[PDB]
Structure formats: C-alpha cells, structure tokens
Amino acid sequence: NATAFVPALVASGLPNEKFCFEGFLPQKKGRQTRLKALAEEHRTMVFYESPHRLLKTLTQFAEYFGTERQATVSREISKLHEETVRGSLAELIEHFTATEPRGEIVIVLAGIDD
C-alpha cells in the first residue's frame, strides 16, 4: 500500500539485484519465527512498519541482526514532505529515540554479510 519501497530500495545504497519483501512483521504469533528465518537471510530485506512501533522494531532488529547491520528508514511525513535516515541499526535506534516517528515508514535492511 505504501508503495514507497522501490524508491527506498534504490535510495538505500544497498544491494538490490535481489531482495526479499517482508511487509509488516506480525505483532504476536509467528513474529519470532519470521525473525529467526530472516536472521540467516543474505538478501537485502524490505519492511513496512507503523511509526509508533518503529523504535521497538529497530531495537529487536539489533537483537536479531546485530548492531552494525546497515539499514535505511524512509518516512512519508506528509504528501509534501519525506526523509531518509541511514546508518547502522545502533545509529538508527539513537536517531529514533530522540524524535517521535510520525508518518509512513519503509525500512530497507542489509542482508547477512559474508
């Protein structure tokens, strides 16, 4: 629905010859299952997340994928206004602990490195 992802995929600087599109992770049932499977993934990954849930998700991603994993966050703040935030998950969590995420979010996550 937030077909903002292709622009975010290209903009991330991350490998895009292949990728996995995840969408929203489920809230409860089957979440950890997805996370465990996604921990092994070598391909770039693409998620949607709600803004209120964003920081919990980036924190959990550091748990499962590692604090140095590279990612980007794209936020449609309005029709007139959008932003990209880049770096490791640790830098991303610092970033969004500061300011309240409002808007529609796409996360582009580097795959396993090796």
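For every residue, the number given is its place in the sequence shown, counted from 1.
Per the deposited record, the Cα B-factor of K56 falls in the middle third when ranked against the other modelled residues of its chain.
Among the modelled residues of its chain, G66 has a C-alpha B-factor that falls in the lowest third, as given in the PDB entry. Per the PDB record, residue ranking by Cα B-factor puts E76 in the middle third of the chain. Annotation for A90: CA B-factor lies in the lowest third of the chain's modelled residues.
Ranked against the other modelled residues of its chain, the C-alpha B-factor of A4 as given in the entry falls in the highest third.
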